[PDB]
Amino acid sequence: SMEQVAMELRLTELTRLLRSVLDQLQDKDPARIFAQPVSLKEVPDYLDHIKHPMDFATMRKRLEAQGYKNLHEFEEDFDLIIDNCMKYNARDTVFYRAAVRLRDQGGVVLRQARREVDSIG
């Protein structure tokens, strides 16, 4: 149906926008601390601590299969990256401090992306 196609064009356009958002968010992590999943070879107990791991590569795979239906879904995943890190790592670590910075710098990007999604529909 033509209705089905039009929904698919909206999903595709959301996907393009989210990809630009994702790149911008990832530029706020020049150390690439959040680029890849936490290794279970190098932190074998990780899953006793964190129930829903997330990282930029896993968000990117989900994005390219058009797996984000709206911005809320994307934001939940971004917030997981941050919130996982601030629980697992202590306050005085390079990791925790990098989360705080990504959160603060990412909030500006997400502020305007929410206007762009509402605005463009």
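This chain uses plain numbering: 1 for the first residue, then up along the sequence. Atom set for the values below is all heavy atoms of this structure, side chains included, hydrogens, waters and symmetry mates excluded.
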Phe78 and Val21: CA distance, side-chain angles, deciding distance, side-chain contact (heavy atoms from CB on, under 4.5 Å) verdict | CA-CA 11 Å; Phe78 176 64; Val21 172; over 6 Å; no

Take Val38 and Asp55 through the side-chain contact (heavy atoms from CB on, under 4.5 Å) test and state the conclusion after the steps.
-> CA-CA 8 Å; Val38 167; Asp55 67 271; over 6 Å; no

Go through the steps to decide whether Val109 and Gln105 satisfy the test side-chain contact (heavy atoms from CB on, under 4.5 Å), and finish with yes or no.
-> CA-CA 7 Å; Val109 172; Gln105 295 192 278; over 6 Å; no

side-chain contact (heavy atoms from CB on, under 4.5 Å) between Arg32 and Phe56, worked out = CA-CA 9 Å; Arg32 294 189 77 88; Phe56 285 133; over 6 Å; no

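The minimum heavy-atom distance between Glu73 and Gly67, with the atom names listed, is OE1-O, 3.6 Å. Of all heavy-atom pairs between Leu47 and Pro53, the closest is CD2-CG, 3.6 Å. The two residues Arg60 and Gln26 make their nearest non-hydrogen contact at NH2-OE1, 2.8 Å. Looking at every heavy atom in both residues, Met54 comes nearest to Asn84 through N-ND2, 3.7 Å. Taking each heavy atom of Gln66 and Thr12 in turn, the nearest pair found is NE2-OG1, 2.8 Å. Taking every heavy atom of both residues into account, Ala99 and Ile82 meet most closely at O-CD1, 3.2 Å.
Proximity of a side-chain donor or acceptor of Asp29 to a complementary backbone N or O of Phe34 within less than 3.5 Å is detected. A donor-acceptor contact shorter than 3.5 Å is absent between the side chain of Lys28 and the backbone of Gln24.
Going from atom CD of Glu116 over to atom CG of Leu71 covers 10.0 Å, rounded to the nearest 0.5 Å. Rounding to the nearest 0.5 Å places CG of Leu63 at 12.0 Å from OG1 of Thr58. Atoms NE2 and CG, on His72 and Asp79 in that order, are 9.0 Å from each other to the nearest 0.5 Å. For the atom pair CD of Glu42 and CG of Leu40, the computed distance is 9.5 Å after rounding to the nearest 0.5 Å. Separating the CG atom in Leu22 from the OG1 atom in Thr15 is a distance of 11.5 Å, to the nearest 0.5 Å. Here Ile81 contributes atom CD1 and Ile33 contributes atom CD1; the two are 12.5 Å apart, rounded to the nearest 0.5 Å.
The number of heavy-atom neighbours closer than 6.0 Å to CZ of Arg103, taken from other residues, nucleotides and ligands shown, is above 12.
Side-chain contact between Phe74 and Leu25: present, with at least one pair of heavy atoms (C-beta onward) separated by less than 4.5 Å. Using a 4.5 Å cut-off on side-chain heavy atoms (C-beta onward), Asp45 and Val43 make contact. Residues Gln112 and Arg115 are in side-chain contact: their nearest non-hydrogen atoms beyond the backbone lie under 4.5 Å apart.
Classification of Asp23 and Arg19 as a salt-bridged pair fails, no side-chain N sitting under 4.0 Å from a carboxylate O.
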